[PDB]
There are 4 protein chains.
Amino acid sequence: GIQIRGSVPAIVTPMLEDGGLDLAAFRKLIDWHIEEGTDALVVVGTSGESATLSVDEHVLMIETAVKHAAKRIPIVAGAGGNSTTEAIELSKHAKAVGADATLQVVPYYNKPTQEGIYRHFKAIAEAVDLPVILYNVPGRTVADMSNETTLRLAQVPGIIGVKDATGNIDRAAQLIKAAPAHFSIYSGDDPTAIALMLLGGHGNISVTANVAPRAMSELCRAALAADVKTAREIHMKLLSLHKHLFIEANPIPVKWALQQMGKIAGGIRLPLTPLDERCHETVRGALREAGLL
Amino acid sequence: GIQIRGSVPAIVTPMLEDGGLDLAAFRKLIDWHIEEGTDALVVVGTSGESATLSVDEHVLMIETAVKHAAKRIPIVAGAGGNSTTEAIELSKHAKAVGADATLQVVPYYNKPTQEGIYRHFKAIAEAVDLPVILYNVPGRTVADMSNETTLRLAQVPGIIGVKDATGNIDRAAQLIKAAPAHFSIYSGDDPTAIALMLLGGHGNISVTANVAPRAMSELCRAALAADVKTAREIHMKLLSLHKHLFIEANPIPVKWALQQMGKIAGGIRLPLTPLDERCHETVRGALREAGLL
Amino acid sequence: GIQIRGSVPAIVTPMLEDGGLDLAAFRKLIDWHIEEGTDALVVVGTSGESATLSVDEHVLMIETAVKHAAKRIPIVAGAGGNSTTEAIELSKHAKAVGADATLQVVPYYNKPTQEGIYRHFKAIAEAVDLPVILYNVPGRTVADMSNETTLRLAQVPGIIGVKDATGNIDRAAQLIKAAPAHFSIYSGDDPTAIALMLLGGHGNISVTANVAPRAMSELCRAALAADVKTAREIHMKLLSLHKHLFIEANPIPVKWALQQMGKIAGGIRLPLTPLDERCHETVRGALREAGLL
Amino acid sequence: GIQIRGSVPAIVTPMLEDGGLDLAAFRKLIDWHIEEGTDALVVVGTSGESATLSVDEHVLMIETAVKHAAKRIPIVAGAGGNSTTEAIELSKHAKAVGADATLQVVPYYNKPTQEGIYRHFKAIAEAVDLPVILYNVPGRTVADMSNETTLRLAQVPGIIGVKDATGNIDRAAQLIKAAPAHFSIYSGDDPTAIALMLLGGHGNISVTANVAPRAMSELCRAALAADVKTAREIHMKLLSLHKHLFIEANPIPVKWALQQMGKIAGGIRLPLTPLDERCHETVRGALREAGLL
């Protein structure tokens, strides 16, 4: 089976100033992540602006990552949505261009019931023979997949884990305790990921690791090895980054950060906007403090 | 310009057992609405399951509604989303098959800034020469278009109003007081719509009106004529319906209700699900009490 | 029984510079309220800083208000809290100095169950032969008395109504529709009170009426007579005041406002503080705009 | 200086069936805690029903604990409230009967500003020469003492720590990182306390430790020694207890639990109520699973 563990950046989608895809920058970013110690990548998730890419651009981003990664690390493709048929079709594309798994968000906006969430994910897992990592982020979807629903889906073949973005460490302990052995609990909340991992979770699917891949890889490695002192020392150093990369909605700040670091151009697609001028010095100070600028 | 005022059901999308469209039932529903006093329809809005229709199905629903209405009432097409370029394409399609305006939801899931929301809607109004009604529903989108942003967009040519689903009656009065003369304020919250209209708003884009179009047309007529006593007597009779049509996420309950009334079949598309059996007694009781069953 | 209807300011407790009571200013305020059309007063409620008065000061304020009013208007004494035995003692004291009713807040901080809330208020009504008006303000208490619990208490002898500060206009209509004939529904939310009264409620226990008692008495009079047009014209004029009197926690802004109007001195008791200097311009602007300054 | 560290039960106030104080049971409970490994006790805090005790009963509870503890462990007296003068007077009593410190809640109900919260605590610390531990529990107080305000008060002589009941592990890391060396961060949230301590905090002021003092003492000892494996194994065993002791508002379930364990009688004071019958089997199963029944 595919083994996804440790630091997994939700990597941005680099764009030219006019919003077109910047595949040259994307390839360089992938090589940089691999040499810095990144364990896997989630491609065209929320941080990758999946909302504003066409189907052709979405699949091209996955294929580009798969081809360039060249099996050095696993590539997980964001492929979910609030339509079960659309998520099935995107998952078929991700499989066809060689993704190792899909990341599947709980439906946003249309507020399905718990049973609707179960049937949605179960239909996706059954329709496409490729592993599924669930993604619960009620702060964006409104609908909230309960632990009970999550653990029902852990019994469905193909569903290998969940990205929990709640930052609710009680809920994470409940999932870790009750989860079957094959089922991985990943943080989706950089400020609390260290705790989720110290309690027995399996990794962090991360915004901060976009700009600090080596530090985040070391933090995950230590937290998963039950080494509190090493993990918390790194975490405390990144604390201002964990905060200020959300000064506006992710990925607005992290894309401006990577532009300041010289790794991408400024493109970002409406309705997202370039980081507000008023926020620049705050993010700049966090990057300079982290030694990134 | 087009006059949209009064009771405006957000009409369901009738489907057959596999979710396929049921245009014959839809045309009959439109005729019933016109006979019962409905003032305009919003087609393939949230209540119409826009999230799970293909672009072609979306356009076919609008075209069917425009043709069948035969200019007897205005047809407002839901055509928004969280991608600015996609909303522009859908708005083009809506204009091309004869919609009188589009209903444009604030982007869900990707959490744009206020300036992102402003730029998103302005781009949509400028790209397609057809009126726009904005739609703020933070209970589904998370992003919340502030009154300040709304009133800025009221200065943009083509933006003729807003559907305010917050149920926040302070916010409604603030919009009513400050809105320019050309800019209509509609309720998107059936339980509070009577108050929004009595304070000077212009109509109610409604779930309850799917099943009680005559009563809701009379409620809006009275509230807009400052006739409290008539409006509140109708409102109180419908009070349980306003509640139990949301016992599960709209449009799950109202589609079940219209099926019990013999007006549509049971189709509904995942991730939405047929109304939970545990809710049937309660919803039918509200229908029967309101003289609809 | 006593008739409490219309505009009922939750009157501030005037204090001198060290927080000591200022009964001379208080008596002058009561006379001004009566001249301006105020219908009744709630004395040493939340707006009266009940939290920081001694029992003796609490009782002296009630006694002063009863004596000075001289039966021209009813005096409702705040006498509740989160201890059932303490609320009984305060209610005894209020009856003994001639209050016409007590205002009884849902227990704050200790988060009783619905049955705890029921038993608390029932014990208070039974212990002291004086009418009780319940007071639900979950924005301050956290505990929220459900409509079901409220309507159960409406069956208890002596419990004559409820002050509903939620601003939830659906909840208000539900209470109005189900309330027995003897049981009054009052607003506790100045921004939405007009809607609660137009739907059939009975009055507004008000912060804004501290500074605009004549306008608020006319607003309530019109709303209770189903005169939308008159009520809403007054409401819109006061809309900014309804907002900026809460720019900091009530009663911080309204005490500063009454001082600017020359009606009280600046005393206010810790942990409350004089209105922040950064808010002065905004609050005075609302006062001046409303013709109060 | 007094050194408060590790497992600190917020001990219940045992009552006879009629609600009178049960000092004999209280003394036995104190001896049981000391032999089971409890490090300190908070007496007549929220869990001790401070809301419904008289001043005489409040001070008698502190004195009883101080006398019986006989300096074997530190005794911290709850002594705060939403009136600065009342908190000063209660703190004087706590000092006079030999408490080692007071625990001071942020004002509930009257919603002070951040500056009002600062001045409240600063006035308490200055008025009574005894250490102060701050207590932030916005889930009960509504007012929320920001980290910035907390760290300002860390500079005031006498203020030696804060009990943070938010369960917000991001906020706890921020406080731990920025706190002066003399200033202790205690959890007030049993489900997350392990994480707060592993990140560098200093103890857990606990509900669960009322029924599992030895386990909680071992968990705190291990978490403070950076021993993740030992701490998390204990934590996972107590997970159902951490949850179900809040099935109704603390201290309703923990007092019923201790009655089932034979350590106290059933008394509890309105508006709190004995644990709902419907909850008994759930709490009983959690206690039997923890080996306590």
# chains A, B, ... in the order shown; residues from 1 in each chain; ligands from 1

call {"tool": "select_by_dssp", "arguments": {"residues": "region 28-258 of chain B", "states": "alpha helix (DSSP H)", "output": "PyMOL selection string"}}
result
chain B and resi 28-36+55-69+84-96+114-127+138-141+147-153+169-178+193-198+213-224+228-237+239-244+252-258

call {"tool": "interface_residues", "arguments": {"of": "chain B", "to": "chain C", "cutoff": "8 Å", "atoms": "only C-alpha atoms", "output": "JSON, numbers by chain"}}
result
{"B": [168, 169, 170, 173, 174, 177, 191, 192, 195, 198, 199, 226, 227, 228, 229, 232, 236, 239]}

call {"tool": "select_by_dssp", "arguments": {"residues": "region 10-235 of chain A", "states": "strand (DSSP E)", "output": "ChimeraX atom specification"}}
result
/A:41-43,75-78,101-105,132-136,159-164,184-187,203-206

call {"tool": "residues_around", "arguments": {"residues": "region 22-37 of chain B", "least_positions_apart": "3", "cutoff": "9 Å", "atoms": "only C-alpha atoms", "output": "PyMOL selection string"}}
result
chain B and resi 7+9+11-16+19+40-41+61+64-65+68-69+72-73+209-210+212-218+263-265+267

call {"tool": "atom_distance", "arguments": {"atom1": "CA of residue 220 (chain D)", "atom2": "CA of residue 5 (chain D)"}}
result
8.8 Å

call {"tool": "residues_around", "arguments": {"residues": "residue 158 (chain B)", "least_positions_apart": "2", "cutoff": "9 Å", "atoms": "only C-alpha atoms", "output": "mmCIF file with N, CA, C and O atoms, in the first residue's frame"}}
result
data_model
loop_
_atom_site.group_PDB
_atom_site.id
_atom_site.type_symbol
_atom_site.label_atom_id
_atom_site.label_comp_id
_atom_site.auth_asym_id
_atom_site.auth_seq_id
_atom_site.Cartn_x
_atom_site.Cartn_y
_atom_site.Cartn_z
ATOM 1 N N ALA B 125 -20.801 41.499 -13.454
ATOM 2 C CA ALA B 125 -21.727 42.488 -13.996
ATOM 3 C C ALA B 125 -21.184 43.091 -15.286
ATOM 4 O O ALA B 125 -21.936 43.342 -16.224
ATOM 5 N N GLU B 126 -19.877 43.384 -15.326
ATOM 6 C CA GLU B 126 -19.303 44.036 -16.499
ATOM 7 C C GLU B 126 -19.224 43.097 -17.689
ATOM 8 O O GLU B 126 -19.330 43.547 -18.836
ATOM 9 N N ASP B 129 -24.070 41.645 -20.189
ATOM 10 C CA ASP B 129 -25.035 42.742 -20.099
ATOM 11 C C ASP B 129 -26.403 42.180 -19.716
ATOM 12 O O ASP B 129 -27.321 42.058 -20.532
ATOM 13 N N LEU B 130 -26.555 41.877 -18.428
ATOM 14 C CA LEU B 130 -27.801 41.357 -17.871
ATOM 15 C C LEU B 130 -27.779 41.717 -16.395
ATOM 16 O O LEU B 130 -26.710 41.633 -15.767
ATOM 17 N N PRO B 131 -28.915 42.087 -15.812
ATOM 18 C CA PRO B 131 -28.912 42.494 -14.398
ATOM 19 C C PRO B 131 -28.443 41.389 -13.467
ATOM 20 O O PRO B 131 -28.612 40.200 -13.739
ATOM 21 N N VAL B 132 -27.874 41.806 -12.331
ATOM 22 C CA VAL B 132 -27.356 40.907 -11.304
ATOM 23 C C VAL B 132 -28.067 41.201 -9.989
ATOM 24 O O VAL B 132 -28.163 42.363 -9.570
ATOM 25 N N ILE B 133 -28.522 40.150 -9.323
ATOM 26 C CA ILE B 133 -28.943 40.236 -7.932
ATOM 27 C C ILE B 133 -27.896 39.487 -7.125
ATOM 28 O O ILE B 133 -27.677 38.291 -7.356
ATOM 29 N N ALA B 154 -23.713 48.291 -5.211
ATOM 30 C CA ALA B 154 -24.925 48.958 -5.675
ATOM 31 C C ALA B 154 -24.623 50.134 -6.584
ATOM 32 O O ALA B 154 -25.548 50.660 -7.225
ATOM 33 N N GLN B 155 -23.370 50.574 -6.645
ATOM 34 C CA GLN B 155 -22.990 51.644 -7.550
ATOM 35 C C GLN B 155 -22.530 51.128 -8.908
ATOM 36 O O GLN B 155 -22.315 51.930 -9.817
ATOM 37 N N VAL B 156 -22.420 49.816 -9.077
ATOM 38 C CA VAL B 156 -21.912 49.194 -10.305
ATOM 39 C C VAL B 156 -23.065 49.025 -11.288
ATOM 40 O O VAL B 156 -24.095 48.455 -10.910
ATOM 41 N N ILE B 160 -28.635 45.118 -9.435
ATOM 42 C CA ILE B 160 -29.942 45.696 -9.156
ATOM 43 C C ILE B 160 -30.464 45.342 -7.780
ATOM 44 O O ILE B 160 -31.537 45.826 -7.405
#

call {"tool": "atom_distance", "arguments": {"atom1": "CA of residue 201 (chain C)", "atom2": "CA of residue 135 (chain C)"}}
result
14.6 Å

call {"tool": "closest_residue", "arguments": {"among": "C:53, C:77, C:270, C:183", "to": "residue 123 (chain D)", "atoms": "only C-alpha atoms"}}
result
C:270

call {"tool": "residues_around", "arguments": {"residues": "residue 138 (chain A)", "least_positions_apart": "4", "cutoff": "12 Å", "atoms": "only C-alpha atoms", "output": "PDB file with C-alpha atoms, in the first residue's frame"}}
result
ATOM      1  CA  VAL A 105     -13.009  17.414   0.809  1.00  0.00           C
ATOM      2  CA  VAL A 106     -16.391  17.156   2.549  1.00  0.00           C
ATOM      3  CA  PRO A 107     -18.992  18.886   0.314  1.00  0.00           C
ATOM      4  CA  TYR A 108     -19.057  22.639   0.799  1.00  0.00           C
ATOM      5  CA  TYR A 109     -22.060  24.944   0.455  1.00  0.00           C
ATOM      6  CA  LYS A 111     -24.725  21.107   3.514  1.00  0.00           C
ATOM      7  CA  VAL A 142     -19.922  24.423   6.992  1.00  0.00           C
ATOM      8  CA  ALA A 143     -20.822  20.725   6.851  1.00  0.00           C
ATOM      9  CA  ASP A 144     -18.839  18.868   9.498  1.00  0.00           C
ATOM     10  CA  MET A 145     -18.129  15.159   9.105  1.00  0.00           C
ATOM     11  CA  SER A 146     -18.553  13.733  12.584  1.00  0.00           C
ATOM     12  CA  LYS A 163      -7.079  15.276   7.043  1.00  0.00           C
ATOM     13  CA  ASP A 164      -8.625  16.967  10.104  1.00  0.00           C
ATOM     14  CA  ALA A 165      -8.404  20.753   9.822  1.00  0.00           C
ATOM     15  CA  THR A 166     -10.484  21.546  12.928  1.00  0.00           C
ATOM     16  CA  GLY A 167      -7.557  22.122  15.298  1.00  0.00           C
ATOM     17  CA  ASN A 168      -9.819  20.390  17.840  1.00  0.00           C
ATOM     18  CA  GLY A 188      -4.884  20.080   8.523  1.00  0.00           C
ATOM     19  CA  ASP A 189      -4.175  22.800  11.096  1.00  0.00           C
TER      20      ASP A 189
ATOM     21  CA  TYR B 108     -18.227  29.662  -0.995  1.00  0.00           C
ATOM     22  CA  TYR B 109     -15.310  27.601   0.347  1.00  0.00           C
ATOM     23  CA  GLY B 139     -24.435  30.147   6.747  1.00  0.00           C
ATOM     24  CA  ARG B 140     -23.466  28.298   3.567  1.00  0.00           C
ATOM     25  CA  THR B 141     -20.531  30.269   2.116  1.00  0.00           C
ATOM     26  CA  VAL B 142     -18.630  31.200   5.319  1.00  0.00           C
TER      27      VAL B 142
END

call {"tool": "atom_distance", "arguments": {"atom1": "CA of residue 186 (chain D)", "atom2": "CA of residue 162 (chain D)"}}
result
6.0 Å

call {"tool": "closest_residue", "arguments": {"among": "C:63, C:259, C:55, C:185", "to": "residue 97 (chain C)", "atoms": "only C-alpha atoms"}}
result
C:63

call {"tool": "residues_around", "arguments": {"residues": "region 271-281 of chain A", "least_positions_apart": "4", "cutoff": "9 Å", "atoms": "only C-alpha atoms", "output": "PyMOL selection string"}}
result
(chain A and resi 49+52+244+247-249+251-257+266-267+285-286) or (chain B and resi 82-84+107+110-113+115-121)

call {"tool": "closest_residue", "arguments": {"among": "D:48, D:98, D:262, D:291", "to": "residue 238 (chain D)", "atoms": "only C-alpha atoms"}}
result
D:291

call {"tool": "decode", "arguments": {"residues": "region 127-250 of chain B", "atoms": "C-alpha atoms", "output": "JSON list (two decimals), in the first residue's frame"}}
result
[["chain", "number", "residue", "atom", "x", "y", "z"],
["B", 127, "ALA", "CA", -18.80, 40.87, -18.54],
["B", 128, "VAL", "CA", -22.46, 40.05, -19.32],
["B", 129, "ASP", "CA", -25.03, 42.74, -20.10],
["B", 130, "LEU", "CA", -27.80, 41.36, -17.87],
["B", 131, "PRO", "CA", -28.91, 42.49, -14.40],
["B", 132, "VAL", "CA", -27.36, 40.91, -11.30],
["B", 133, "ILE", "CA", -28.94, 40.24, -7.93],
["B", 134, "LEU", "CA", -26.27, 39.57, -5.30],
["B", 135, "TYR", "CA", -26.80, 36.74, -2.81],
["B", 136, "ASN", "CA", -25.27, 36.72, 0.69],
["B", 137, "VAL", "CA", -25.73, 33.49, 2.69],
["B", 138, "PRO", "CA", -22.76, 33.16, 5.13],
["B", 139, "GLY", "CA", -24.44, 30.15, 6.75],
["B", 140, "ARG", "CA", -23.47, 28.30, 3.57],
["B", 141, "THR", "CA", -20.53, 30.27, 2.12],
["B", 142, "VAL", "CA", -18.63, 31.20, 5.32],
["B", 143, "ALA", "CA", -17.52, 34.39, 3.55],
["B", 144, "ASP", "CA", -19.86, 37.23, 4.50],
["B", 145, "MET", "CA", -20.31, 40.21, 2.16],
["B", 146, "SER", "CA", -20.43, 43.20, 4.52],
["B", 147, "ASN", "CA", -23.03, 45.91, 4.08],
["B", 148, "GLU", "CA", -20.21, 48.27, 3.09],
["B", 149, "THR", "CA", -19.20, 45.95, 0.24],
["B", 150, "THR", "CA", -22.84, 45.49, -0.83],
["B", 151, "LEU", "CA", -23.47, 49.23, -1.01],
["B", 152, "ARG", "CA", -20.29, 49.71, -3.08],
["B", 153, "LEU", "CA", -21.57, 47.12, -5.56],
["B", 154, "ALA", "CA", -24.92, 48.96, -5.67],
["B", 155, "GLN", "CA", -22.99, 51.64, -7.55],
["B", 156, "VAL", "CA", -21.91, 49.19, -10.31],
["B", 157, "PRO", "CA", -24.07, 49.31, -13.48],
["B", 158, "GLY", "CA", -26.22, 46.20, -13.76],
["B", 159, "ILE", "CA", -26.28, 45.25, -10.05],
["B", 160, "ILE", "CA", -29.94, 45.70, -9.16],
["B", 161, "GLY", "CA", -30.24, 44.21, -5.68],
["B", 162, "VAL", "CA", -29.25, 41.67, -3.04],
["B", 163, "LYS", "CA", -30.80, 38.55, -1.49],
["B", 164, "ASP", "CA", -29.93, 38.70, 2.23],
["B", 165, "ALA", "CA", -30.31, 35.27, 3.82],
["B", 166, "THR", "CA", -28.75, 36.22, 7.18],
["B", 167, "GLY", "CA", -32.07, 36.74, 8.98],
["B", 168, "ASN", "CA", -30.28, 39.64, 10.68],
["B", 169, "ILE", "CA", -32.99, 42.28, 10.85],
["B", 170, "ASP", "CA", -30.60, 45.04, 12.06],
["B", 171, "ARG", "CA", -28.44, 44.42, 8.97],
["B", 172, "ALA", "CA", -31.56, 44.51, 6.77],
["B", 173, "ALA", "CA", -32.68, 47.89, 8.09],
["B", 174, "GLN", "CA", -29.17, 49.22, 7.54],
["B", 175, "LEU", "CA", -29.22, 48.13, 3.88],
["B", 176, "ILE", "CA", -32.75, 49.47, 3.34],
["B", 177, "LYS", "CA", -31.86, 52.87, 4.78],
["B", 178, "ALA", "CA", -28.65, 53.30, 2.77],
["B", 179, "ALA", "CA", -29.56, 51.59, -0.52],
["B", 180, "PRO", "CA", -29.86, 53.80, -3.62],
["B", 181, "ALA", "CA", -33.26, 54.02, -5.25],
["B", 182, "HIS", "CA", -32.50, 51.51, -8.00],
["B", 183, "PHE", "CA", -31.27, 48.80, -5.61],
["B", 184, "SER", "CA", -33.68, 46.21, -4.17],
["B", 185, "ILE", "CA", -33.25, 44.35, -0.85],
["B", 186, "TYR", "CA", -34.80, 40.87, -0.84],
["B", 187, "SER", "CA", -35.09, 38.41, 2.01],
["B", 188, "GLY", "CA", -33.47, 35.02, 1.73],
["B", 189, "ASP", "CA", -34.73, 33.94, 5.17],
["B", 190, "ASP", "CA", -38.39, 32.86, 5.20],
["B", 191, "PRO", "CA", -38.71, 33.09, 9.05],
["B", 192, "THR", "CA", -37.78, 36.80, 9.06],
["B", 193, "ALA", "CA", -38.81, 37.94, 5.58],
["B", 194, "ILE", "CA", -41.99, 39.62, 6.85],
["B", 195, "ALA", "CA", -39.87, 41.93, 9.00],
["B", 196, "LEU", "CA", -37.45, 42.77, 6.18],
["B", 197, "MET", "CA", -40.35, 43.71, 3.90],
["B", 198, "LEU", "CA", -42.23, 45.72, 6.56],
["B", 199, "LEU", "CA", -39.06, 47.74, 7.16],
["B", 200, "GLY", "CA", -38.98, 48.73, 3.46],
["B", 201, "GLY", "CA", -37.44, 45.78, 1.60],
["B", 202, "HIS", "CA", -38.72, 44.61, -1.73],
["B", 203, "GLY", "CA", -39.52, 40.89, -1.66],
["B", 204, "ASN", "CA", -38.71, 37.42, -0.49],
["B", 205, "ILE", "CA", -36.75, 34.85, -2.50],
["B", 206, "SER", "CA", -38.29, 31.90, -0.76],
["B", 207, "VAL", "CA", -38.22, 28.21, 0.11],
["B", 208, "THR", "CA", -41.71, 28.10, 1.71],
["B", 209, "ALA", "CA", -43.26, 29.65, -1.43],
["B", 210, "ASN", "CA", -42.41, 26.37, -3.21],
["B", 211, "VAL", "CA", -45.31, 24.72, -1.37],
["B", 212, "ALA", "CA", -47.50, 27.72, -0.38],
["B", 213, "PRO", "CA", -47.08, 30.14, -3.31],
["B", 214, "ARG", "CA", -50.50, 31.73, -2.90],
["B", 215, "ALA", "CA", -50.10, 32.38, 0.83],
["B", 216, "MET", "CA", -46.56, 33.69, 0.36],
["B", 217, "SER", "CA", -47.64, 35.94, -2.52],
["B", 218, "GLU", "CA", -50.35, 37.38, -0.22],
["B", 219, "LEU", "CA", -47.88, 37.75, 2.67],
["B", 220, "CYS", "CA", -45.42, 39.67, 0.50],
["B", 221, "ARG", "CA", -48.23, 41.78, -1.03],
["B", 222, "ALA", "CA", -49.45, 42.78, 2.43],
["B", 223, "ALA", "CA", -45.99, 43.34, 3.93],
["B", 224, "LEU", "CA", -44.94, 45.54, 0.99],
["B", 225, "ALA", "CA", -48.17, 47.56, 1.39],
["B", 226, "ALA", "CA", -47.40, 48.13, 5.11],
["B", 227, "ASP", "CA", -50.42, 46.00, 6.10],
["B", 228, "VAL", "CA", -48.95, 44.42, 9.27],
["B", 229, "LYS", "CA", -52.13, 42.73, 10.42],
["B", 230, "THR", "CA", -52.76, 40.83, 7.19],
["B", 231, "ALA", "CA", -49.11, 39.94, 6.69],
["B", 232, "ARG", "CA", -48.58, 38.73, 10.27],
["B", 233, "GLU", "CA", -51.74, 36.58, 10.27],
["B", 234, "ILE", "CA", -50.45, 34.73, 7.20],
["B", 235, "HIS", "CA", -46.94, 34.56, 8.64],
["B", 236, "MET", "CA", -48.08, 32.96, 11.91],
["B", 237, "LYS", "CA", -50.06, 30.32, 10.02],
["B", 238, "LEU", "CA", -46.91, 29.36, 8.08],
["B", 239, "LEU", "CA", -44.57, 29.56, 11.06],
["B", 240, "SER", "CA", -44.11, 25.80, 11.53],
["B", 241, "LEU", "CA", -43.56, 25.36, 7.79],
["B", 242, "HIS", "CA", -40.83, 28.03, 7.82],
["B", 243, "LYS", "CA", -39.13, 25.89, 10.48],
["B", 244, "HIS", "CA", -39.65, 22.31, 9.37],
["B", 245, "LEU", "CA", -38.72, 22.97, 5.73],
["B", 246, "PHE", "CA", -35.18, 23.22, 7.19],
["B", 247, "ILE", "CA", -35.36, 20.17, 9.48],
["B", 248, "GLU", "CA", -32.66, 18.91, 7.12],
["B", 249, "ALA", "CA", -30.68, 21.11, 4.75],
["B", 250, "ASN", "CA", -32.75, 22.85, 2.09]]
